[PDB]
Amino acid sequence: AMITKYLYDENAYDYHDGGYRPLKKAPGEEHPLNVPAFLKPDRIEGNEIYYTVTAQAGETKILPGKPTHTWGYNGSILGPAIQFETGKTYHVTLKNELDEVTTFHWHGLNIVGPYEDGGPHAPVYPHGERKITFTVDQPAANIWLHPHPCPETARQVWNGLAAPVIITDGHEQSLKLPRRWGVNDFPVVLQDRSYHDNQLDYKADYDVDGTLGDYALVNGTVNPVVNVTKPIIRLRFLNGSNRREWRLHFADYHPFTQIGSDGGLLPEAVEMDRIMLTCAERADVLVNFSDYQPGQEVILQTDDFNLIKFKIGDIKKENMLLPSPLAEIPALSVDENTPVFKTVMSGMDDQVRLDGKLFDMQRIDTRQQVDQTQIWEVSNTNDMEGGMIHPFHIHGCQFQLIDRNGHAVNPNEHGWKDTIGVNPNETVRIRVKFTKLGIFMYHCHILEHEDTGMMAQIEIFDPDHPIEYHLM
Ligand SMILES: [Cu+2]
Ligand SMILES: [Cu+2]
Ligand SMILES: [Cu+2]
Ligand SMILES: [Cu+2]
């Protein structure tokens, strides 16, 4: 059965809000979609790989006329693609070339916190640096890098800091997926921005309930085009927006196949003709353009807005056959004695709260034991009328969903997730086993809600290896 509906509650979508800004056509001729080159290692020594990542200011040609003053990693905007391999050890030098404190958060990476995790306790000062070391121990996945300085996160992402990060492993490699980067394999970082004389002005456009931008910005480009040379194409979608939801479908509702979620390959491929992504959610999809003619143009839309133009070249038709099962996901074993943690998202605008509280850097809100599976019950108490879908995210883990309001979970939610849209009046039940010690954040990933303080801290502890944390 092909999925032919968006898998969140229509009553709560972003376009119902009184302050909603619809997308409008960005000026300029259409450009090829920007595909960032992979970051080259500084040094490769067996299982040890060395990287340098620098947050820096630059100028990006986005709109006709004056370039836009932007922030990027190793460049003017966004960042390079960063490859991690499961089992390998990474030595990363994190450099801040900006005039303000920043932070380097690997969203979706299983890593120790709060320092290596790169949350608000891991500042990198202007013209200073921080070194981290970590071994990757999680399956192949589409994750990302972005700043996490409390409470400047929304503005720093707005200014352009985000990088697509790809974990690869032997199993994913064995599938022989489309993997020519920028030919038949594309990162699709979806963002939205407003410009004033071609310049960013976050303060001018700021909205407490989540800042929307007038123009669709895909991988830091406006009016993007993909030239389809090979008919089977991989699109790694990331909702990199401050608040906006993306309701993705081709203008003719051409079907596509989701093969992956936040934390990796799904157990089974899922066919669909549309998909909705809340903030920080990823969807790895395959599209077969074989049934189009070598002159046609196929437009990917969000709602009724033209987002990416696919121009069909001299393609040779090809069958797309995936294995069943697609990947094995080890079930987290749960019983009646599994501890249950209840966390409640409430309010909107300036009145957002997590369990009735605003974030405090020195306050640990919950304590859970390492390597012991936990049930979380995640609630959104917003009214179904006037309410809001809050994308709930946990650091330092991937989790599995049990149920949505005691009913079956969405057909693309049977794998690893680190971010879930919680509908108004919904309780989502999830199970998670934290494998890394440290302090980790959990919060709404609407970045203005996060910055207001819709965020809390969890200590993952070992009762036979205790740690004293010194939080400022
Ligand atoms: Cu994030
Ligand atoms: Cu995160
Ligand atoms: Cu929120
Ligand atoms: Cu976070």
Side-chain angles (χ1 to χ4, degrees), residues 8 12 14 17 79 102-114 116-122 138 141-151 153-154 156-158 161-165 189-191 207-211 238-245 262-263 277-282 343-355 357-359 378-382 387-399 416-424 426 428 432 434 436 438-458:
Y8 294 106
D14 54 358
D17 189 72
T102 196
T103 275
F104 294 78
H105 181 57
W106 309 92
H107 178 120
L109 187 68
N110 297 354
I111 187 164
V112 294
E116 284 84 345
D117 187 39
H121 294 288
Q138 68 192 91
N142 297 294
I143 57 162
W144 54 312
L145 162 71
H146 71 72
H148 220 302
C150 174
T153 297
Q156 295 208 347
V157 170
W158 190 263
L161 293 174
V165 178
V189 182
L190 306 170
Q191 290 180 316
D207 189 321
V208 66
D209 208 25
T211 305
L238 155 62
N239 183 349
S241 295
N242 279 217
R243 187 260 176 283
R244 197 182 284 281
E245 305 167 332
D262 305 342
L277 262 27
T278 64
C279 295
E281 291 199 277
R282 284 88 72 201
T343 188
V344 182
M345 304 181 86
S346 63
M348 291 174 45
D349 309 291
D350 204 29
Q351 294 167 21
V352 292
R353 297 292 185 281
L354 232 195
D355 295 308
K357 302 180 236 145
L358 293 173
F359 177 60
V378 181
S379 292
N380 173 2
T381 59
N382 288 9
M388 205 173 182
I389 303 157
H390 294 268
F392 182 81
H393 168 61
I394 311 170
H395 286 208
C397 73
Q398 297 288 334
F399 54 78
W416 290 115
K417 300 231 79 219
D418 63 45
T419 309
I420 48 161
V422 188
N423 296 284
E426 184 176 35
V428 180
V432 52
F434 293 91
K436 299 286 166 179
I439 308 299
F440 299 101
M441 314 295 106
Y442 54 102
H443 58 96
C444 183
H445 213 285
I446 293 162
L447 296 178
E448 282 77 15
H449 290 190
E450 178 195 320
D451 281 343
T452 293
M454 197 178 213
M455 176 158 72
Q457 307 196 117
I458 175 163

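First listed ligand is number 1; within each ligand, the first listed atom is number 1. The analysis underlying the following values was restricted to heavy atoms, covering all of them including side chains, and did not include hydrogens, waters or symmetry mates. Numbers for residues simply follow the sequence, beginning at 1.
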Visitor: Can you label the angle between the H395 ring and the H443 ring as parallel, tilted or perpendicular, going by 30° and 60°?
Guide: perpendicular

Visitor: Has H146 got an N/O/S atom less than 2.8 Å from the Cu ion (ligand 1)?
Guide: yes

Visitor: Which protein N, O or S atoms lie under 2.8 Å from the Cu ion (ligand 3), given by chain and residue number?
Guide: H390 ND1, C444 SG, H449 ND1

Visitor: Among all residues two or more places apart in sequence or in another chain, which pass the ring pair (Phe, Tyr, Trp, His ring centres under 6.0 Å) test with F104?
Guide: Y73

Visitor: For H107 and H146, take the angle between the two ring planes, folded into 0 to 90°, and tell me which bin it lands in: parallel under 30, tilted 30 to 60, perpendicular over 60.
Guide: tilted

Visitor: Taking N, O or S atoms only and a limit of 2.8 Å, check whether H107 reaches the Cu ion (ligand 1).
Guide: yes

Visitor: Between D451 (side chain) and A154 (backbone), is there a donor-acceptor pair under 3.5 Å?
Guide: yes

Visitor: Got a sec: is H393 within less than 2.8 Å of the Cu ion (ligand 2) via an N/O/S atom?
Guide: yes

Visitor: Out of the N/O/S atoms in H105, what is the name of the one closest to the Cu ion (ligand 2)?
Guide: NE2

Visitor: Who passes salt bridge (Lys or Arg N to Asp or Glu O under 4.0 Å) against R243, sequence neighbours left out?
Guide: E245

Visitor: Can you name the residues that form a side chain to side chain donor-acceptor pair (under 3.5 Å) with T103, not counting sequence neighbours?
Guide: none

Visitor: Okay, side chain of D418, backbone of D262: is any donor-acceptor separation there less than 3.5 Å?
Guide: no

Visitor: Taking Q138's backbone N and O only, do any of them form a donor-acceptor pair with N110's side chain (distance below 3.5 Å, no angle check)?
Guide: no

